[PDB]
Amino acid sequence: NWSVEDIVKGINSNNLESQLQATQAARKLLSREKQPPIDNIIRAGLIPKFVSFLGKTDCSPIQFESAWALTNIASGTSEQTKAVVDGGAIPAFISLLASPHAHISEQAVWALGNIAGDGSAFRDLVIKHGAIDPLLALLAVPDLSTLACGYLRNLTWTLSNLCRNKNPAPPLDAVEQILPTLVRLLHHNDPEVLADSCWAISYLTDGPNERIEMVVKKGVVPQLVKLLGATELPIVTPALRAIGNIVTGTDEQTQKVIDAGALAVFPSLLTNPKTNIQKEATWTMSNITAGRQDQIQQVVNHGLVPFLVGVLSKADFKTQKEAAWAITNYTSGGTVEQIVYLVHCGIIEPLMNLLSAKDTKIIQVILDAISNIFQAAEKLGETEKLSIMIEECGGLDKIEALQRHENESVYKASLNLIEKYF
């Protein structure tokens, strides 16, 4: 438990062993569980010394200790990571990636992961210094199972951080370079490696449809669905995020998701006790019901409409908003037969009960869905019966109240509904 003053005294000595002991003391100080004195270490001007120690091939222990200390400094605020980067640490860590000592290369991997995880600027800077090639060289083995577990986990997490963040998204050539190894890792058995690989894929699929296409071309969707059917929440969460991102794309990518059998997992997802899982799954379903009519039909065949009715009847309010969106997309793109099936499953009463919420957007979505169902009934001539249903569940009173809403669109649409049908 040295003081920063003693650490500085030792590091400023012309004795490599005293410097090593002071650097180890700094590492232990920065590795304590409560409030590491990162700012105090920075103010003492110690980062340049640690960076210089990173290059002492003659003394591997001081390399390791300084790498650990700099890793922990770079794990803090953006200003602290920036202090690490300004010391010239990026190229030193990249040079250490090829060290013959596995623990030192692993520490360099960790440090680069923190730096890249700061944000898109430092991510792209790490990429410009040439980290991807040595990082992937570390994983160029016939069987990943021969690598140490922690080493593989750290490599996967750092790679995921290189795939992370937008504005801008990672360089396309870098994504193309990394994706094959990402597929390999996505077929690994370790739960943490799988979780971090799924997170990386979720990052890569979060953007324009061209990036989604880069990912889907690798054939990972079946594996993503298999992982979606996993037991570990830390794996299901990123897998579900990636699947949702993918189905935000073209009808062909959504169809790739459907063909892999994803819908068969949604009975559980739409009833998952974790609210975030339910919300993400309902959002995915809403984007799926915004697709082609055969895709809505596949949603119907898997028996998911009753699950949407359930989520609409009882769930977190945000999940209910996602379900209202799903219903509006369904009724906007669906055939008259599918809309009638939706009505037969009991959508009217929950959709009308949700009109009492103090949220304008869900109100407008629900009114659009009601208009679509009424158009279907008109096409069938059952508008009268549907109005009877809406009146029995107390919904006519809700639309009558919406008449006097503080939003133009809401009042206008409620008026149109009551005058064109009621």
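In case it trips you up, residue 1 is the first one in the sequence shown, and so on.
Higher-B stretch (mean Cα B-factor, as the entry records it), 346 to 354 or 262 to 270: Of 262 to 270 and 346 to 354, the stretch with the higher C-alpha B-factor average is 346 to 354.
Segment of higher mean CA temperature factor, 118 to 126 or 143 to 151: Taking the mean C-alpha B-factor of 118 to 126 and of 143 to 151, the larger value falls to 143 to 151.
Top Cα B factor in the deposited entry, candidates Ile73, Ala111, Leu233, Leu185: It is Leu233.
Out of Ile62, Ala69, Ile41, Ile370, residue topping the C-alpha B-factor column of the entry: Of the candidates given, the C-alpha B-factor peaks at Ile370.
Where the record places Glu210 (Cα B-factor, split into thirds across the chain): Highest third of the chain for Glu210's C-alpha B-factor.
CA B-factor placement of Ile339, once the chain's modelled residues are sorted into thirds: Highest third of the chain for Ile339's C-alpha B-factor.
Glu252, C-alpha B-factor rank within chain (lowest, middle or highest third): CA B-factor rank for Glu252: middle third.
Ranked C-alpha temperature factor of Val305 among modelled chain residues, by third: Bottom third by C-alpha B-factor.
For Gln21, the third of its chain into which the C-alpha B factor falls: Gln21: CA B-factor falls in the lowest third of its chain.
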